[PDB]
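Worksheet for the structure shown next.
Letters A, B, ... mirror the listed sequences (proteins, then strands); counts begin at 1. Computation of the quantities below employed the complete heavy-atom set of this structure, encompassing side-chain atoms and omitting hydrogens, waters and symmetry-equivalent molecules.
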Amino acid sequence: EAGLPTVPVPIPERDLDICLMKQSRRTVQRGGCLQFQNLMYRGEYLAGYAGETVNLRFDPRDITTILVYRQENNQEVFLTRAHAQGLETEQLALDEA
Amino acid sequence: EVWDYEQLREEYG
Amino acid sequence: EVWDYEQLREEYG
Amino acid sequence: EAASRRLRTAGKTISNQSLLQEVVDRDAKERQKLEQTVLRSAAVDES
Amino acid sequence: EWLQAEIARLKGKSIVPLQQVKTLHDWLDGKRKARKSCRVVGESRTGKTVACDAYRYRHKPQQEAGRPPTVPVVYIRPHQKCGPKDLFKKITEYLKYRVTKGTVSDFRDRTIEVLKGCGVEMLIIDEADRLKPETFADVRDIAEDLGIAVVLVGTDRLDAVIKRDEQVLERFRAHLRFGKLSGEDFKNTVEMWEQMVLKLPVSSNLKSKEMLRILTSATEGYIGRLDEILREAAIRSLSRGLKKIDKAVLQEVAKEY
Amino acid sequence: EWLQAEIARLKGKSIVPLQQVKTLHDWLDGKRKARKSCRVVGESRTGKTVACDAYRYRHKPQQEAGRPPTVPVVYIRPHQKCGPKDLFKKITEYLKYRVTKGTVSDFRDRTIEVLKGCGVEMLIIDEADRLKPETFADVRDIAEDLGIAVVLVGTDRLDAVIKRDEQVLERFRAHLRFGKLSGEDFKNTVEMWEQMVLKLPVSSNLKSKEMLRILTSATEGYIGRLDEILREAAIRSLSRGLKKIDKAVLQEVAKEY
DNA sequence: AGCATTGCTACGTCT
Ligand SMILES: Nc1ncnc2c1ncn2[C@@H]1O[C@H](COP(=O)(O)OP(=O)(O)OP(=O)(O)O)[C@@H](O)[C@H]1O
Ligand SMILES: Nc1ncnc2c1ncn2[C@@H]1O[C@H](COP(=O)(O)OP(=O)(O)OP(=O)(O)O)[C@@H](O)[C@H]1O
Ligand SMILES: [Mg+2]
Ligand SMILES: [Mg+2]
């Protein structure tokens, strides 16, 4: 407490849970839909885009949903959150899938 | 449309 | 109340 | 033994010829192969 | 009295035109057209029997005056350890013939005689895994000598039985797999049950995502679980004076599995 | 003399209306309405068989003039390694028919004939684990060809037999477990066995909390240990000329284990 | 047509 250079900023918990694991050099489909590790996915705003390289972030302990990212102006920018096709009544983990 | 198991027998008969 | 197997053999039997 | 365990995953009939057919192409290396081939290769000089 | 009639309705079974049933019916129409023998395989209570039963009611016998009936599809469920005379007796009795005591050869010839003339073109054998190994040779000869698409129905226990006989496996390789269902079509199927099957006076709203969760956990995608839970939940709720199925009863049922 | 008549009742068996039995009877009533096949499970001597017999008796055969009897509940216990013929024989004899000589096919057709018309609506199979693996197919055929709720009763030994056939497992999935008693329910039960069952000449006051340790250590909460202890002690007390179960007698009995 | 991405299998290599 006396040795830190100045009082650090206490970050929002959700921000580290945005610091999820990510996958890259994947592509969005030419539609409202997605894929990951033979799971198949839907996304609310993906239909505005043709098939293109995409980046995506996921909780390995809750692969029920993914956060999707785009490289706007050479910077990562949010596309949308996304879900497995029809999956809502239950939740899934990555290791068991 | 409903398809009652007894009506299938009645139709099949 | 309690019952006997031998009564039940006559009574229900 | 080991062929009989795994060959039933093919649904094959188990017989003299089918276990032979499961042996004649075992040339298709790993530790237990290394050990046994070396271990056999020691004794075969006996005459 | 209201209750006893509706309870007796719920106590009986019903049939619902699910996409799996529609898929099988088109597949069986292709096999029957081609005279292709095949097997239908899938886990218990996935609805194979109800689907095969609905297929024979859709292709009912045609009667013409003074002839034996034209019966394109014959459906049999063998008894356990069915021998050849048992099999022949099943087929001849389905075609509305009485068997006369005789040898296996006599039962065989009489069955072959009436499989012709009744114009049979598909034979569905439900739970074919009940067949003795020797009676599979008569099943194969029906498929080979006559122009009849034999359909074997069973669980993976059927696949175990036929893989033990090379000649049966190779004749019945073409197969359709029945699946358990989850998500969207499951949600539709739950909604279809409360719309078309339960018919309770007041809405149970089983479409509700939390109700779909507990049903997902208990039914585990088997249509024969989904039907039995809702029917049992209806009878309890109606008997307890409730116009509705609701979680207080539905989860008492769901915990029972 | 008095003492030999008390021994003659104390060596007998009786029925006590425990809340466990009541709970099963409400459940079996619900299954019998829905025709829901199910199972009753739980450790040995937990009271399952006595609870099933009590359900048979309260739903006894109803006579109708010149008709076969209406027998809503059939209870059977198979002999060990019960085959199909053994099953059919026990069902038909329970309905007060005589089996003739015949094939399994004759026995089956006769059993299905008398399961109809006698109006059977529940079949309880106690020691259901004694059924041969092949005869469950006939049990399953009864459950779905007729509107009969089949109740399989066994210990966890039955669940091993059931899970070896997924067609049985998926038909009898719904279950009720008889558990061991504890605490106030055990205390009330122990109180009942003094004041309803034994009805002994002088009280032992079995609400006593300390000696309840002696019972628990022998009894483990099994009713079929509890009912055994007190009859052993009472016969000894009345043989020894003791008007009560003394601690010296209870602990001596409870020490035989 | 063209590949192009997607989901496994090493063969290390390190704690
Ligand atoms: N299409 C359907 N419409 C309505 N109810 C259905 C349907 N399919 C299944 N059911 C319900 O599920 C139960 C089980 O279905 P079914 O008897 O067809 O199963 P199965 O696959 O033949 O089973 P098994 O392999 O155990 O013999 C039915 O008795 C009925 O209660
Ligand atoms: N409700 C009861 N009233 C009176 N005696 C009982 C009762 N339940 C159990 N018993 C006594 O305990 C014994 C065990 O009961 P029961 O035979 O019903 O158990 P079970 O669980 O069916 O046993 P198992 O699985 O070993 O065949 C009976 O023989 C009887 O002596
Ligand atoms: Mg079936
Ligand atoms: Mg018992």
Side-chain angles (χ1 to χ4, degrees), chain A residues 16-97, chain D residues 1-12 21-41, chain E residues 20 23 41-43 46 156 159 163 173 175-186 216 220-221:
Chain A
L16 301 196
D17 302 345
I18 286 160
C19 307
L20 296 169
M21 196 181 294
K22 91 181 189 186
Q23 205 73 7
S24 184
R25 73 260 171 89
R26 299 320 204 81
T27 69
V28 69
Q29 302 184 8
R30 57 176 292 178
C33 45
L34 245 177
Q35 70 293 334
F36 186 51
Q37 309 217 137
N38 211 6
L39 295 164
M40 298 163 68
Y41 252 69
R42 297 293 179 72
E44 189 72 354
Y45 186 59
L46 305 179
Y49 303 91
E52 182 55 281
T53 306
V54 75
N55 287 184
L56 60 141
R57 280 182 178 84
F58 52 95
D59 178 357
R61 290 184 169 275
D62 192 8
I63 205 177
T64 318
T65 182
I66 287 176
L67 296 309
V68 196
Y69 294 86
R70 51 177 168 141
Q71 315 83 353
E72 301 286 20
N73 305 303
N74 307 315
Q75 181 61 29
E76 289 188 31
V77 175
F78 189 54
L79 274 160
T80 183
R81 58 87 62 71
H83 311 102
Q85 310 216 349
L87 184 60
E88 188 179 344
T89 65
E90 292 291 18
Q91 68 208 90
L92 178 62
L94 183 155
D95 60 343
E96 62 188 354
Chain D
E1 282 207 60
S4 302
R5 294 309 203 301
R6 70 199 171 66
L7 180 60
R8 287 189 286 259
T9 68
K12 203 70 164 73
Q21 187 256 272
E22 193 46 49
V23 163
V24 294
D25 70 350
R26 290 173 76 236
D27 299 334
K29 61 178 197 168
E30 256 294 5
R31 182 175 70 94
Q32 295 175 346
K33 303 181 173 72
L34 312 185
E35 290 173 357
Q36 183 58 235
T37 54
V38 175
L39 189 55
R40 184 272 296 164
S41 300
Chain E
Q20 185 80 84
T23 301
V41 295
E43 294 151 51
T46 52
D156 289 272
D159 288 20
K163 281 185 298 180
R173 281 202 177 261
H175 71 286
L176 177 153
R177 171 65 70 167
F178 264 61
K180 62 201 293 182
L181 60 150
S182 68
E184 298 290 10
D185 51 7
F186 179 84
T216 300
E220 218 264 293

> Dot-bracket for DNA chain G: what is it, with Watson-Crick or G-U pairs under 3.5 Å, [ ] where a pair crosses earlier ones, and | for a pair to another strand?
Replying inline: ...............
>> Each nucleotide in nucleotides 6-15 of chain G should get exactly one letter: B, S or -. Can you fill that in based on protein heavy atoms under 4.0 Å?
In response: SS--------
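A side-chain donor from one of A:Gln35 and A:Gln29 sits under 3.5 Å from a side-chain acceptor of the other.
Spacing between atom CZ of A:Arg30 and atom P of G:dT5 amounts to 15 Å, rounded to whole angstrom units. Atoms CD (A:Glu52) and P (G:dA4) sit 13 Å apart, rounded to a whole Å.
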> Hey, mind stepping through E:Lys163 and E:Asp156 against salt bridge (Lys or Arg N to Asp or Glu O under 4.0 Å) and telling me if it holds?
Replying inline: CA-CA 11 Å; E:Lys163 281 185 298 180; E:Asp156 289 272; over 6 Å; no
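Annotated as syn: G:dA10, whose glycosidic dihedral is within 90° of 0.
Enclosure of atom CD in D:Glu30 is not indicated, since only 12 or fewer non-hydrogen atoms of other residues, nucleotides or ligands lie within 6.0 angstrom. When the shell of 6.0 Å around CD of E:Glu43 is examined, it contains more than 12 heavy atoms from other residues, nucleotides or ligands. Around atom CD of A:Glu72, more than 12 heavy atoms belonging to other residues, nucleotides or ligands sit under 6.0 Å away. The environment of CZ in A:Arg61 is sparse: at most 12 heavy-atom neighbours from other residues, nucleotides or ligands sit within 6.0 Å.
Residues D:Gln36 and D:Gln32 have side chains not in contact (no heavy-atom distance under 4.5 Å, counting atoms from C-beta outward).
Listed by residue number, there are no residues of residues 28-37 of chain D with a heavy-atom contact under 4.0 Å to DNA chain G.
Take A:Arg42 and apply the salt bridge (charged side-chain N to carboxylate O under 4.0 Å, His left out) test, not counting sequence neighbours, and it matches no residue.
Annotation: salt bridge (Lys or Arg N to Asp or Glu O under 4.0 Å) contacts involving residues 20-38 of chain A, sequence neighbours excluded, comprise A:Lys22-A:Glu76.
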Pairs under 3.5 angstrom only: tabulate donor-acceptor contacts from the side chains of residues 44-56 of chain A to other protein residues two or more places apart or in another chain.
| unit_1 | atom_1 | unit_2 | atom_2 | d |
| --- | --- | --- | --- | --- |
| A:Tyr49 | OH | A:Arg70 | NH1 | 3.4 |
| A:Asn55 | ND2 | A:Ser24 | OG | 2.9 |

